[PDB]
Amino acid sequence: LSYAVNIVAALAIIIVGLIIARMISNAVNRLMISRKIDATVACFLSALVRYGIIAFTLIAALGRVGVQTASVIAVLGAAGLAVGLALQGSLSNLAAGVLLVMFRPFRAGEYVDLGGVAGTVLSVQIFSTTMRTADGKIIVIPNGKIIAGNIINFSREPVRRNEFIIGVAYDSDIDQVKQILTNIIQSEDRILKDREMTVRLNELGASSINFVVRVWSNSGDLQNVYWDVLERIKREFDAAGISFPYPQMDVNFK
């Protein structure tokens, strides 16, 4: 009879194998964490070391009860592949997560645009990243999607550039317009003077002459510099009698 002996041996092997798997796979895990390898990378790789051993164990254990060696590979292969398909997206997001943490194209707290979606990063989870839009919406984007696309970071550079486009009537003095605009941006102290300070006639529009003005400020200042400068342009041009034209039209009666 002595089938009983193989059946208990098969269980013994499974038990001994499961235990020797736990320890070898923790040993390797501590070893990589202590060598400053990423926690998730060390985790993922240790999990493989674990199941590699369970696999070898099942092969030997099922082997002793006559289950053939190719059959175990085939079956486990299928199982692995089934799990593989189910875990596929997550595995990809997992990896992206590691790379975002590892290379930090953005950091929690930075305003970014990830595929036409902008807001301030809260956190980068294992599989996805959370951000808060300027108006309090919480957006959750999968890590894989993020890393496949462009990452625009508004916060990384300390200094940024406003552009104004102002339209004035076709009969404005080009010199006066420029002078006034230049005075405005000269007197604004939040405008960096050691950088570009463009003030030019840019376009001959349908109903107006368009002047471009480009001026750098610190990120923090950018918003208010625009608003403040714009209000001055309004008041100054009104004072100087420079017209902001409405839509124009020549009409020919019959």
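We number the residues from 1 along the sequence you see.
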Exercise. Looking at the deposited entry, does 234-242 or 5-13 carry the larger mean Cα B-factor?
Worked result: 5-13
Problem set entry | Stretch exceeding the other in mean C-alpha B-factor - 173-181, 143-151 | 173-181
Problem set entry | Third assignment of residue 104 from its chain's C-alpha B-factors | middle
Exercise. Sorting the chain's CA B-factors, does residue 156 end up in the lowest, middle or highest third?
Worked result: highest
Exercise. Once the chain's modelled residues are ordered by C-alpha B factor and cut into thirds, is residue 69 in the lowest, middle or highest one?
Worked result: middle
Exercise. Mind checking which third residue 216 falls in for C-alpha B-factor across the chain?
Worked result: middle
For this session: Going by the recorded CA B-factors, say which third of the chain residue 34 sits in, lowest, middle or highest.
Result: highest
